Amino acid sequence: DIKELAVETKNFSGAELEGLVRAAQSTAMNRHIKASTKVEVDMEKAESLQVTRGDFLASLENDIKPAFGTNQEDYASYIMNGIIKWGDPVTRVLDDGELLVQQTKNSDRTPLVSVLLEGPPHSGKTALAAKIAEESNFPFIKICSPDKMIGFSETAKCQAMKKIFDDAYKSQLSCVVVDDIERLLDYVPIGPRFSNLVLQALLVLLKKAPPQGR
Amino acid sequence: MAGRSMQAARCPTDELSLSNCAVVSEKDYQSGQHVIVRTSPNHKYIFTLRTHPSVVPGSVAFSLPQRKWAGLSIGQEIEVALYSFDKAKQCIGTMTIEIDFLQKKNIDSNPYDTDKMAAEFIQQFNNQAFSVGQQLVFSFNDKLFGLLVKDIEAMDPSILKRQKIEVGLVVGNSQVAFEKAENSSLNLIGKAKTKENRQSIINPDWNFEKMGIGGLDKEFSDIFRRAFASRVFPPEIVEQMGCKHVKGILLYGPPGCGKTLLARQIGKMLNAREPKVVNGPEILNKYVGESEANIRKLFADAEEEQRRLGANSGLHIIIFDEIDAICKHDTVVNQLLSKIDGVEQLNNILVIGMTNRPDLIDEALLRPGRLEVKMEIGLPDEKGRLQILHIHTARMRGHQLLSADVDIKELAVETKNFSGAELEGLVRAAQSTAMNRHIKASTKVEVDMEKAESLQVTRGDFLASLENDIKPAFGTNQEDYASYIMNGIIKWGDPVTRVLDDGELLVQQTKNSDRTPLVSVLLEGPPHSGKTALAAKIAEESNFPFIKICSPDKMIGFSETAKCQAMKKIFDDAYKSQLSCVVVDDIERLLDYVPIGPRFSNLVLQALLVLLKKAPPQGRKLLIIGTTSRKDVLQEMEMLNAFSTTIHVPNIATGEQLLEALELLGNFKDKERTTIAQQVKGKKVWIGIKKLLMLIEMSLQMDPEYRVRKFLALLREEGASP
Amino acid sequence: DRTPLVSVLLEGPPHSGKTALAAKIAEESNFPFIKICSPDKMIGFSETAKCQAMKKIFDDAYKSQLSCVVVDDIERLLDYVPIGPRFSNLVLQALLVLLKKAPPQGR
Ligand SMILES: Nc1ncnc2c1ncn2[C@@H]1O[C@H](COP(=O)(O)OP(=O)(O)OP(=O)(O)O)[C@@H](O)[C@H]1O
Ligand SMILES: Nc1ncnc2c1ncn2[C@@H]1O[C@H](COP(=O)(O)OP(=O)(O)OP(=O)(O)O)[C@@H](O)[C@H]1O
Ligand SMILES: Nc1ncnc2c1ncn2[C@@H]1O[C@H](COP(=O)(O)OP(=O)(O)OP(=O)(O)O)[C@@H](O)[C@H]1O
Ligand SMILES: Nc1ncnc2c1ncn2[C@@H]1O[C@H](COP(=O)(O)OP(=O)(O)O)[C@@H](O)[C@H]1O
Ligand SMILES: [Mg+2]
Ligand SMILES: [Mg+2]
């Protein structure tokens, strides 16, 4: 069926659908080929060369990698050893996250909501945000982390952050994560010596309604 | 019925734990009754109740699997309400249950009859509530298994009179289907084995041994499926389907891992031409008019063939190289893009791009229609090395010139981090040494026909050649150690024994653990106490295939960005091995610190802080060792939170230690030793080992009469308060 | 053999002949290779150039199997001035790093 395939591809660009269709045929037609000292086209089963649902499903999961769509590696290495209960605080945090992520999807007077986690160091406040993001179920999920800006100057950081935030305005729903806000600003208490060109952009960005109805 | 607030408890007996039924008191409920447990407004669970006398009234007991599944904790409050099942619809017909061994220590390969498992499951859990995703423990033949509910189906109407549901009631006529978990070794036999998610790919039956390529199977299959799969069917069918042939492939990986063979070998699988190599940097020739002229000349043959034969010519190939340099020049990139993509382009071409830098590659050149299929070729694992050695040593084994002592498995196990191009070199070196064995060439070059028979390559030939001929790239750095540990290691007291002992308790954890793929340790102490000489002595004994030392002496006069780039490059190189160990020493000098100000480079500190907390790709392990002399300064910058542990290397602080160290150094005689002991047995000592060595060397220069006097005067002058 | 590298610092009051006296010890050394690096030869140079000069001098000294390099007026080399204080960090770092790097084996 063609109707069903239009509900499992979310935020798929125009050309990637052509890509999926093209990749759904090589797998179907790669079965009916036998090679023995030379690739030889099969003869007995040459007929009945029909593309089947299996090809489409395999191509949708391991062939086309979308661009403006959910990732599968970013929030795969952050949460490392699952989450295990040790009292009330875990339940409280998870429930609050779920409430916020449902408000940001069934509301019309507040298109933008932001929440800040904090606590003492070495407490697990970066594996409790990726879990909320993965349970959000939003089509577009990115992760802006300082791990990919080693050695950058201030201007490069500003440009990268602006581009990442801009990319999030092209979908009907979006969730974004910022890790170690203290590291983006380069705080060092022999000082301080913060960067005033990144702190005057991070403040502005967090108050900017998306274009319309997003 | 309305609901009452109870308290969670622990299961009283193992038998009730296996029953999967929450234990309650008779005064509260009755056996067989089903209830719903509420932990939050959005958390509800259904359980089957069983009565046991030991359960205190007002509390509900749950087994460990139940608590984990429902997120319950002992002592937490829950709400319990009586639950009624609609047997007309909630009756269950069939189950699909994922069964896996509960304990890894008791895994066995013996077959299990699923038909008996279903009968036992029904006989036990009849008239019990089950929900999708429920985790429980099932006992069969005195064996414990972990069962996970996957699917639930409604029961059909009776004869007198397959809906999917989330929860229902199990009965005697219910059917159970068992499926082994992913990668499970459980063996299931019988008719109750129906499973789901049965989707895979069927590929042609290749014979890798006859080819030459070994250890690269999935990449070959995927490339053949995605790139060349649609250039062998008749031209009529492809026209009907409307497909468009792919026009690009980008393979990247370390140098010398079979990248070019993986293309040449597939070249002759299809009747076609041979590749025309084109170097990456050679195309950059001075001025325009030669580079463009040659670029045009590249495709002349293909254009002529297409004009002559139209859509019937054979395929051509162009094995690129170092595409990183040619792109980012811009004229060449634009010309290539126009030739491949646009309106005027050829349909009998296929560009294969190769490179070593995957990140520096340009973005505009990677997009559907252009180079699209990007693949990675990595270092071979044990099986790859075994197959490569088998294939590369077939001709010799066919002529009966290989001794029976040679074991391929042992060589594969010993050789670690070998790329694969060196594996060929090892065989050549072994053959060369074996041949040189029998050359009786003294006086004049001759041949020893007496022992020329059986020109074999015995294990000694391989091992003797593995240490003086082949130097792996991603391998041990065996020359640095001679410059750092200059005068051995001397055990001058208890502390040295302890510190070195720690060097094991960490080095083992990084090799035999999976919950901690990154460890760190910061060695520190007073100046001239021997810190940098105790890190190499541990990294060497760690027995790790890859070792490096990022000393600051190799970078003199560098600017901040250069140091950051160098450190990033070293760490990136270290990331590409199954095991590693990176030693960074004299951290204070890297930061460019000086007490006035203070002043330091604010960028290197941030780079170092970020690097010390970034885990490597999955399945690989790392270990970082530091070395510093100013601990308070490093604590002010908040740097001891990054490191996981620290050790304290002490200084010589007793007369006995001084005397014993002097003895072990073995320089002075007995009379002078006694005199020094008498003179120095009434004062405190605070001296570094390096300073002690330097003082001894300085004092040995004087004449024999006044050696002891000079040594004692120097020690007195050097002595200072702690 | 236990101390392939040795360094000694001469200090004293201003205009006490420290600069010239060391040249005497250097001459009496009889070492095959000798060299003196002084700020006088470096007038108007930039900070990035003096580091290269020092690196080249030490690299040349490494080659032989015996050497004796003399540096005079370590303070004036830094551009130190009592006011501030002020100086060049790069030169100080190069000096500190280069005073502990031993030469190849046997030299
Ligand atoms: N609430 C939790 N319950 C159980 N396990 C947890 C919990 N939070 C985190 N973990 C586990 O502990 C580890 C958390 O490491 P993580 O990198 O998140 O540390 P952190 O203290 O949050 O980091 P940082 O110091 O950079 O802020 C992961 O293995 C995660 O699985
Ligand atoms: N038990 C020992 N522990 C440490 N060093 C020893 C020992 N026995 C002998 N040595 C010698 O001590 C010297 C160690 O000096 P090292 O290079 O570690 O200096 P350091 O204390 O790190 O100096 P710095 O303050 O400049 O960093 C080496 O020559 C080593 O041969
Ligand atoms: N006995 C002596 N010892 C040392 N220098 C002497 C002596 N007699 C004469 N001189 C002269 O004194 C001078 C000492 O050298 P010079 O003046 O360069 O050193 P300095 O005054 O320490 O320099 P600076 O002030 O820059 O450190 C030389 O001209 C040397 O020949
Ligand atoms: N997977 C493999 N199996 C067998 N031999 C291999 C394999 N990979 C590389 N080799 C050997 O190493 C050499 C690889 O050279 P090549 O890959 O062309 O160099 P480069 O990787 O620099 O292009 C070949 O001669 C081949 O015999
Ligand atoms: Mg973190
Ligand atoms: Mg040292």
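Its PDB header names cryo-EM as the technique used to obtain the model and reports a resolution of 3.86 Å.

**Examining a negative patch on the surface**
All names here are of chain A. A surface patch of negative charge is lined by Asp95, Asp96, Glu98, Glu134 and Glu135. When contributions to the negative patch are tallied by element, the ones reaching two or more residues are α4 (88–103) and α5 (130–136). Considering every element that reaches the negative patch, the biggest residue donor is α4, with three residues. Its location among the elements puts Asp96 in helix α4. For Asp96, a relative accessible area of 46% gives the class partly exposed.

**Some remarks on the side chain of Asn294 of chain B**
All names here are of chain B. Mapped onto the elements, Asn294 comes out in helix α8 (residues 291–298). We classify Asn294 as buried; its relative accessible area is 18%. Contact partners of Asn294, with chain neighbours within four places excluded, come to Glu282 and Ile283.

**Let's talk about the state of the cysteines**
A full pass over the atoms with the stated rule returns zero disulfides over all chains. Unpaired in this structure, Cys550 of chain B has its nearest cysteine sulfur neighbour in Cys564 of chain B, at a distance of 11 Å. Overall, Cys550 of chain B belongs to the buried group, its relative accessible area being 8%. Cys37 of chain C supplies the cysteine sulfur nearest to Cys68 of chain C, a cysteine that is in no disulfide, at a spacing of 13 Å.

**Some words on the site of ligand 4**
All names here are of chain B. Within the structure, ligand 4 sits among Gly212, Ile213, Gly214, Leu216, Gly256, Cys257, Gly258, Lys259, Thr260, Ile388, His392 and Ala421. With respect to ligand 4, the backbone of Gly214 contributes an N or O atom lying 3.2 Å from a nitrogen atom. Measuring from a nitrogen atom of ligand 4, one finds a side-chain N or O atom of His392 at 3.4 Å. Considered on its own, ligand 4 offers 560 Å² of accessible surface; in the complex 67% of this is hidden by protein.

**Looking at the arrangement of the chains**
Here the protein chains form two pairs of chains in contact, of which the pair with the most contacts is chains A and B. One thing to see here is that chain A and chain C don't touch, and their nearest C-alpha atoms sit 18 Å from each other.

**Concerning the interface of chain C and chain B**
In this complex, chain C contributes 17 residues to the contact, which on the side of chain B involves 18 residues. Taken together, both faces of the contact between chain C and chain B bury some 1,800 Å²; the carbon and sulfur share is 61%. Between chain C and chain B we count one salt bridge in total. Between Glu697 of chain B and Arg2 of chain C there is a salt bridge, and its shortest N-O distance comes to 3.8 Å. Linking chain C with chain B are two residue pairs in polar contact, by the criterion used here.

**So, the environment of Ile99 of chain B**
Residue and element names in this part refer to chain B. Among the structural elements, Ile99 can be located in strand β7 (residues 92–101). When the C-alpha atoms of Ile99 and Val149 are compared, they prove to be 9.0 Å apart, with 50 residues separating the residues in sequence. Residues contacting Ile99, with those up to four places away along its chain left out, are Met117, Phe145, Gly146, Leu147, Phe178, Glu179, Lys180, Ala181, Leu186 and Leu188.

**Topic: the packing of aromatic side chains**
Following the criterion strictly, the structure yields 18 aromatic pairs over all chains and no others. Between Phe47 of chain B and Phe62 of chain B the ring centres are 5.4 Å apart and the planes differ by 70°, which places this aromatic pair in the edge-to-face class. On the criterion of sequence distance, the pair formed by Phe47 of chain B in strand β4 (residues 43–51) and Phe62 of chain B in strand β5 (residues 59–62) is long-range, its members being 15 residues apart. Residue class for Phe47 of chain B comes out buried when judged on its relative accessible area of 1%. Here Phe121 of chain B and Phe138 of chain B contribute two aromatic rings whose centre-to-centre distance is 5.8 Å and whose plane-to-plane angle is 75°, an arrangement assigned as edge-to-face. You can see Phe121 of chain B sitting in helix α4 (residues 114–125) and its partner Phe138 of chain B sitting in strand β10 (residues 135–140), a full 17 residues away along the chain. These aromatic residues form a ring-pair network of at least three members: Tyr45, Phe47, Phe62 and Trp69 of chain B. Taking the ring centre of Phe299 of chain B as reference, the NZ or CZ of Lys339 of chain B above it sits at 5.5 Å. Sitting over the face of the ring of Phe87 of chain C, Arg599 of chain B holds its NZ or CZ atom 4.9 Å from the ring centroid.

**What about a nonpolar patch on the surface?**
On the surface, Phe31, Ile34 and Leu66 of chain C cluster together to form a nonpolar patch covering roughly 240 Å² of accessible area. Mapped onto the secondary structure, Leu66 of chain C falls in the loop between α2 (47–63) and β2 (68–71).

**A word on empty space enclosed by the protein**
Any space left empty among the atoms is revealed by the rolling of a water-sized probe across them. There is about 150 Å³ of room inside the largest cavity. Forming the boundary of the largest cavity are 13 residues, of which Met149, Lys157 and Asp186 of chain A together with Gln606 and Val610 of chain B lie nearest the centre. Elements supplying a minimum of two residues to the lining of the largest cavity: α7 (181–184) of chain A together with α22 (602–611) of chain B. Classifying every residue of the lining of the largest cavity gives eight nonpolar, two polar and three charged.

**A word on the sheet that holds strand β15 (residues 248–252) of chain B**
Residue and element names in this part refer to chain B. Taking strand neighbours across the sheet as the criterion, the four strands line up as β16-β17-β15-β18 in an open arrangement whose pairing is parallel. Each edge of the open sheet is held by one strand with a lone partner, namely β16 (318–319) and β18 (373–376). Two elements, β16 and strand β17 (residues 351–355), share two bridges in a ladder whose sense is parallel. Bridge pairing in β17 places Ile319 opposite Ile352.

**Describing the packing of helix α20 (residues 560–574) of chain B against α22 of chain B**
Relative placement of two packed helices is described by the angle separating their axes and the distance separating the axes. Residue and element names in this part refer to chain B. At their nearest, the axes of α20 and α22 sit 9 Å apart, and the two run at 15° to each other. The angle between α20 and α22 places the two elements in the roughly parallel class. The handedness of the crossing between α20 and α22 is right-handed. In contact with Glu560, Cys564, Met567 and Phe571 of α20, α22 contributes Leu603, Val604, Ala607, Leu608 and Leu611.

Parameters at a glance
- Residues numbered from 1 in each chain as written, not as in the entry; some residues may be left out.
- Chains lettered and ligands numbered in written order.
- Part of a larger assembly, values for the part shown.
- Heavy atoms only, no water.
- Patch = residues over 30% accessible without salt bridge, like charges linked within 9 Å, V, L, I, M, F, W, Y side chains within 5 Å.
- Areas by Shrake-Rupley, 256 points an atom, 1.4 Å probe, with all protein chains shown as cover.
- Salt bridge = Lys/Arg side-chain N within 4 Å of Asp/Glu carboxyl O.
- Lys, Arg positive; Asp, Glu negative; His and termini not counted.
- Charge placed at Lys NZ, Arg CZ, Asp CG, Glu CD.
- Helix = DSSP H or I, 4+ residues; strand = E, 2+ residues; numbered from the N terminus.
- Buried < 20%, exposed > 50% of the residue type's maximum accessible area, 1.4 Å probe, protein only.
- Contact = heavy atoms within 4.5 Å.
- Disulfide = S-S within 2.5 Å.
- Near = heavy atom within 4 Å.
- Polar contact = N/O pair within 3.5 Å; in protein donor to acceptor, adjacent residues only side chain to side chain.
- Buried area = accessible area lost by both parts, 1.4 Å probe.
- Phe/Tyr/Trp six-rings, centres within 6.5 Å; stacked < 30°, edge-to-face > 60°.
- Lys NZ or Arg CZ within 6 Å of the ring centre and 35° of its normal.
- 1 Å grid on protein atoms, 1.4 Å probe; cavity = no way out; pocket = protein on both sides within 12 Å on 5 of 7 lines; lining within 4 Å.
- Points joined across faces, edges and corners; volume = space filled by probe spheres on them.
- Nonpolar A, V, L, I, M, F, W, Y, C, P; charged D, E, K, R; others polar.
- Pairing = 2+ DSSP bridges.
- Axes fitted to C-alpha atoms, helices over the stretch in contact; angles between N-to-C directions.
- Parallel < 35°, antiparallel > 145°, perpendicular 65-115°, else oblique.
- Left-handed = near helix turned anticlockwise from the far one by under 90°.

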